[PDB]
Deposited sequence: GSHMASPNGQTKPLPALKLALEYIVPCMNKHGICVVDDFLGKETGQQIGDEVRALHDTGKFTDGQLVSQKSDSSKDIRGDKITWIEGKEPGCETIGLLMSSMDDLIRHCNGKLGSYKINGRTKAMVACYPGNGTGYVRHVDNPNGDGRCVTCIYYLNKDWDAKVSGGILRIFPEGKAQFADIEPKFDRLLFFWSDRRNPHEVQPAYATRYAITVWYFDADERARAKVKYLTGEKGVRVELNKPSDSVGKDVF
(Lines of atoms letter the chains of each structure in order from A and count residues from 1; the text may use other names and numbers.)
(Lines give C-alpha, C1' and ligand atoms only; values in the text may rest on other atoms or scores of the structure.)
Protein backbone atom coordinates (compact mmCIF):
# COMPACT_ATOMS: atom_id res chain seq x y z
CA UNK A 1 0.00 0.00 0.00
CA UNK A 2 1.09 3.61 -0.58
CA UNK A 3 2.42 5.18 2.62
CA UNK A 4 -0.27 7.85 2.71
CA UNK A 5 -3.10 5.36 2.36
CA UNK A 6 -1.68 3.25 5.15
CA UNK A 7 -1.24 6.39 7.26
CA UNK A 8 -4.66 7.96 6.73
CA UNK A 9 -6.72 4.78 6.61
CA UNK A 10 -4.92 2.79 9.36
CA UNK A 11 -2.12 4.32 11.43
CA UNK A 12 -3.81 7.66 12.22
CA UNK A 13 -7.24 6.18 13.15
CA UNK A 14 -5.75 3.24 15.10
CA UNK A 15 -3.21 5.40 16.93
CA UNK A 16 -5.77 7.97 18.01
CA UNK A 17 -8.34 5.32 19.05
CA UNK A 18 -6.08 2.68 20.65
CA UNK A 19 -2.57 4.16 20.91
CA UNK A 20 -1.26 0.92 19.33
CA UNK A 21 -1.18 -0.04 15.65
CA UNK A 22 0.01 -3.20 13.85
CA UNK A 23 0.79 -3.33 10.13
CA UNK A 24 1.52 -6.79 8.77
CA UNK A 25 3.50 -7.45 5.58
CA UNK A 26 4.97 -3.96 5.64
CA UNK A 27 7.76 -4.34 3.05
CA UNK A 28 7.10 -7.79 1.58
CA UNK A 29 9.18 -10.97 1.64
CA UNK A 30 12.13 -9.96 -0.55
CA UNK A 31 12.92 -6.78 1.38
CA UNK A 32 12.06 -8.32 4.75
CA UNK A 33 14.51 -11.14 4.09
CA UNK A 34 17.22 -8.71 2.99
CA UNK A 35 16.77 -6.89 6.30
CA UNK A 36 16.99 -10.21 8.10
CA UNK A 37 20.23 -10.86 6.21
CA UNK A 38 21.75 -7.51 7.20
CA UNK A 39 20.76 -7.91 10.86
CA UNK A 40 22.24 -11.41 10.86
CA UNK A 41 25.48 -10.09 9.36
CA UNK A 42 25.65 -7.46 12.12
CA UNK A 43 25.22 -10.22 14.68
CA UNK A 44 27.66 -12.61 12.98
CA UNK A 45 30.33 -9.91 12.68
CA UNK A 46 30.18 -8.86 16.33
CA UNK A 47 28.56 -5.43 16.04
CA UNK A 48 26.06 -5.93 18.89
CA UNK A 49 26.84 -5.32 22.54
CA UNK A 50 27.18 -8.43 24.73
CA UNK A 51 23.69 -7.89 26.16
CA UNK A 52 21.92 -6.36 29.14
CA UNK A 53 23.23 -7.69 32.44
CA UNK A 54 20.33 -9.82 33.75
CA UNK A 55 21.85 -11.97 36.54
CA UNK A 56 25.00 -10.77 38.32
CA UNK A 57 26.69 -13.73 40.04
CA UNK A 58 29.67 -13.35 42.38
CA UNK A 59 31.29 -15.60 39.77
CA UNK A 60 31.13 -13.69 36.48
CA UNK A 61 31.67 -16.77 34.28
CA UNK A 62 27.99 -17.49 35.04
CA UNK A 63 26.59 -13.98 34.46
CA UNK A 64 23.43 -14.00 32.36
CA UNK A 65 22.97 -11.35 29.67
CA UNK A 66 19.83 -10.56 27.69
CA UNK A 67 18.96 -8.25 24.84
CA UNK A 68 21.94 -7.10 22.77
CA UNK A 69 21.76 -3.88 20.76
CA UNK A 70 23.50 -1.85 18.13
CA UNK A 71 22.68 1.65 16.90
CA UNK A 72 22.31 1.88 13.12
CA UNK A 73 22.23 5.13 11.16
CA UNK A 74 21.16 3.47 7.91
CA UNK A 75 24.08 4.60 5.69
CA UNK A 76 26.72 2.15 6.91
CA UNK A 77 28.14 -0.53 4.57
CA UNK A 78 25.82 -3.52 4.67
CA UNK A 79 22.93 -1.67 6.37
CA UNK A 80 21.29 -0.09 3.35
CA UNK A 81 18.10 -2.14 3.44
CA UNK A 82 17.87 -1.17 7.12
CA UNK A 83 18.24 2.43 5.93
CA UNK A 84 15.48 1.72 3.42
CA UNK A 85 13.27 0.50 6.27
CA UNK A 86 14.02 3.62 8.28
CA UNK A 87 13.08 5.80 5.32
CA UNK A 88 9.81 3.92 4.86
CA UNK A 89 8.95 4.39 8.52
CA UNK A 90 9.72 8.10 8.11
CA UNK A 91 7.50 8.35 5.03
CA UNK A 92 4.62 6.91 7.03
CA UNK A 93 5.15 9.29 9.94
CA UNK A 94 5.57 12.24 7.59
CA UNK A 95 2.20 11.45 6.04
CA UNK A 96 0.65 11.17 9.54
CA UNK A 97 2.08 14.37 10.87
CA UNK A 98 -0.41 16.79 12.33
CA UNK A 99 -2.83 13.88 12.78
CA UNK A 100 -1.05 11.92 15.56
CA UNK A 101 -2.75 13.48 18.52
CA UNK A 102 -1.57 17.07 18.69
CA UNK A 103 2.09 16.12 18.43
CA UNK A 104 4.31 17.73 15.82
CA UNK A 105 7.00 15.19 15.02
CA UNK A 106 10.27 16.80 13.99
CA UNK A 107 12.85 14.01 14.11
CA UNK A 108 13.74 10.55 15.33
CA UNK A 109 16.50 8.53 16.92
CA UNK A 110 18.78 6.26 14.99
CA UNK A 111 17.60 2.67 14.68
CA UNK A 112 18.10 0.46 17.71
CA UNK A 113 18.58 -3.05 16.43
CA UNK A 114 17.91 -5.61 19.15
CA UNK A 115 18.88 -9.27 19.39
CA UNK A 116 17.44 -11.45 22.10
CA UNK A 117 19.84 -14.39 22.01
CA UNK A 118 17.28 -17.07 22.91
CA UNK A 119 18.46 -18.00 26.41
CA UNK A 120 15.19 -17.45 28.22
CA UNK A 121 15.70 -13.71 28.62
CA UNK A 122 13.08 -11.14 27.78
CA UNK A 123 12.71 -7.51 28.74
CA UNK A 124 11.20 -6.32 32.03
CA UNK A 125 8.03 -4.25 32.17
CA UNK A 126 8.88 -0.65 31.37
CA UNK A 127 7.69 2.58 29.81
CA UNK A 128 9.92 3.79 26.98
CA UNK A 129 9.63 7.53 27.81
CA UNK A 130 8.34 7.96 31.36
CA UNK A 131 9.86 11.37 32.10
CA UNK A 132 9.29 13.56 29.08
CA UNK A 133 12.52 13.08 27.09
CA UNK A 134 10.78 14.08 23.85
CA UNK A 135 9.94 10.68 22.37
CA UNK A 136 6.25 10.41 21.58
CA UNK A 137 5.97 7.41 19.19
CA UNK A 138 7.69 4.02 19.34
CA UNK A 139 8.05 2.24 16.00
CA UNK A 140 9.22 -1.42 15.91
CA UNK A 141 9.86 -3.67 12.91
CA UNK A 142 10.06 -7.44 13.44
CA UNK A 143 11.86 -9.79 11.06
CA UNK A 144 11.58 -13.26 12.67
CA UNK A 145 10.66 -15.82 10.02
CA UNK A 146 7.93 -18.30 11.03
CA UNK A 147 7.92 -17.22 14.65
CA UNK A 148 5.65 -19.27 16.91
CA UNK A 149 5.38 -17.88 20.44
CA UNK A 150 3.73 -20.98 21.93
CA UNK A 151 7.09 -22.61 21.14
CA UNK A 152 9.69 -19.79 21.16
CA UNK A 153 8.10 -17.24 23.53
CA UNK A 154 9.12 -13.66 22.93
CA UNK A 155 5.68 -12.04 22.86
CA UNK A 156 5.54 -8.31 23.30
CA UNK A 157 2.86 -7.61 25.89
CA UNK A 158 1.47 -4.09 26.22
CA UNK A 159 -0.70 -2.98 29.14
CA UNK A 160 -2.58 0.11 27.87
CA UNK A 161 -3.09 2.45 30.82
CA UNK A 162 -6.48 2.25 32.48
CA UNK A 163 -7.46 -1.08 30.88
CA UNK A 164 -8.00 -4.39 32.67
CA UNK A 165 -6.45 -6.26 29.75
CA UNK A 166 -3.23 -6.53 27.81
CA UNK A 167 -2.34 -6.87 24.15
CA UNK A 168 -0.05 -9.69 23.05
CA UNK A 169 1.91 -8.95 19.88
CA UNK A 170 3.90 -11.71 18.29
CA UNK A 171 7.29 -10.57 16.85
CA UNK A 172 6.25 -11.73 13.37
CA UNK A 173 8.31 -11.42 10.19
CA UNK A 174 7.74 -8.17 8.30
CA UNK A 175 5.51 -6.76 11.05
CA UNK A 176 5.43 -3.06 11.92
CA UNK A 177 4.21 -1.79 15.27
CA UNK A 178 3.50 1.74 16.47
CA UNK A 179 2.61 2.78 19.99
CA UNK A 180 2.68 5.87 22.17
CA UNK A 181 6.04 5.89 23.94
CA UNK A 182 4.76 7.42 27.20
CA UNK A 183 3.10 6.00 30.35
CA UNK A 184 -0.02 5.01 28.42
CA UNK A 185 1.86 1.92 27.11
CA UNK A 186 3.89 0.02 29.67
CA UNK A 187 5.15 -3.13 27.98
CA UNK A 188 7.46 -6.10 28.32
CA UNK A 189 8.96 -8.92 26.31
CA UNK A 190 8.32 -12.38 27.64
CA UNK A 191 11.28 -14.77 27.78
CA UNK A 192 12.52 -15.69 24.33
CA UNK A 193 13.75 -19.21 23.60
CA UNK A 194 14.99 -18.57 20.08
CA UNK A 195 16.95 -15.77 18.49
CA UNK A 196 14.61 -12.78 18.20
CA UNK A 197 15.41 -9.63 16.22
CA UNK A 198 13.67 -6.27 16.18
CA UNK A 199 14.44 -2.78 14.83
CA UNK A 200 13.12 0.23 16.75
CA UNK A 201 13.09 3.93 16.08
CA UNK A 202 11.51 6.58 18.31
CA UNK A 203 9.95 9.78 16.92
CA UNK A 204 10.28 13.11 18.74
CA UNK A 205 7.57 15.68 19.48
CA UNK A 206 8.95 19.15 18.78
CA UNK A 207 7.67 20.85 21.93
CA UNK A 208 8.58 18.13 24.41
CA UNK A 209 12.00 17.72 22.84
CA UNK A 210 12.70 21.44 22.96
CA UNK A 211 12.06 21.29 26.74
CA UNK A 212 13.99 18.09 27.26
CA UNK A 213 17.02 20.13 26.24
CA UNK A 214 17.05 21.99 29.59
CA UNK A 215 15.47 19.17 31.59
CA UNK A 216 18.63 17.36 30.42
CA UNK A 217 21.11 20.10 31.43
CA UNK A 218 23.99 22.75 26.81
CA UNK A 219 25.95 25.98 27.10
CA UNK A 220 27.59 28.80 25.17
CA UNK A 221 30.69 30.78 26.09
CA UNK A 222 30.43 34.40 27.18
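Asks: Counting from 1 along the deposited sequence, give me every gap where there's no C-alpha, start to finish.
Replies: Missing CA coords at 1-13, 231-233, 239-252.
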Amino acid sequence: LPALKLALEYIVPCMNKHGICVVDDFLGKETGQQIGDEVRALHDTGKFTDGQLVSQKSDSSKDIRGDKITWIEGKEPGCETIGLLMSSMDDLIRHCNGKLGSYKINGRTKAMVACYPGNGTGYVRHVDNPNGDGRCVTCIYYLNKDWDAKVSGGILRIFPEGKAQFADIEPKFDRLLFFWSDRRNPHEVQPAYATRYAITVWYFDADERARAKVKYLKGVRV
From here on, numbers count along this sequence of modelled residues.
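By rigid core we mean the largest C-alpha set that fits within 1.5 Å across both forms.
Asks: Can you check whether 193-201 or 164-172 lies farther from the displayed model in 5 other deposited structures of this protein, averaging C-alpha distances as RMS after superposing on the core?
Replies: With the rigid core superposed, the C-alphas that lie farther in 5 other deposited structures of this protein are those of 164-172.
Asks: Which of these two stretches, 40-48 or 152-160, has the larger RMS Cα offset in 5 other deposited structures of this protein when the rigid core is kept aligned?
Replies: Between the two stretches, 40-48 moves farther in 5 other deposited structures of this protein.
Asks: Averaged over C-alpha atoms, is the B-factor higher for 91-99 or for 137-145 in this PDB entry?
Replies: According to the PDB entry, the answer is 91-99.
Asks: Mean C-alpha B-factor higher for 162-170, or for 184-192?
Replies: Mean B over CA atoms: larger for 162-170.
Asks: Say you rank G83, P77, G118, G107 by Cα B-factor from the PDB entry; which sits at the top?
Replies: The record points to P77.
Asks: Which one, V54, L156, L177, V39, has the peak C-alpha temperature factor per the PDB entry?
Replies: Going by the entry's C-alpha B-factors, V54 comes out highest.
Asks: If you rank every modelled residue in this chain by C-alpha B factor, which third holds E30: lowest, middle or highest?
Replies: It belongs to the highest third of the chain when residues are ordered by C-alpha B-factor.
Asks: Report the third (lowest, middle or highest) to which the CA temperature factor of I72 belongs, ranking only the modelled residues of the same chain.
Replies: Tercile = middle for this residue's CA B-factor.
Asks: Using the B-factor values recorded in the entry, state whether the Cα atom of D207 falls in the lowest, middle or highest third among the modelled residues of its chain.
Replies: As the PDB entry reports it, the C-alpha B-factor of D207 lands in the lowest third of its chain.
Asks: Could you look up the Cα B-factor of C14 in the entry and say which third of the chain it sits in: lowest, middle or highest?
Replies: It belongs to the highest third of the chain when residues are ordered by C-alpha B-factor.
Asks: How does the C-alpha B factor of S152 compare with the rest of the chain: lowest, middle or highest third?
Replies: For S152, the deposited C-alpha B-factor lands in the middle third.
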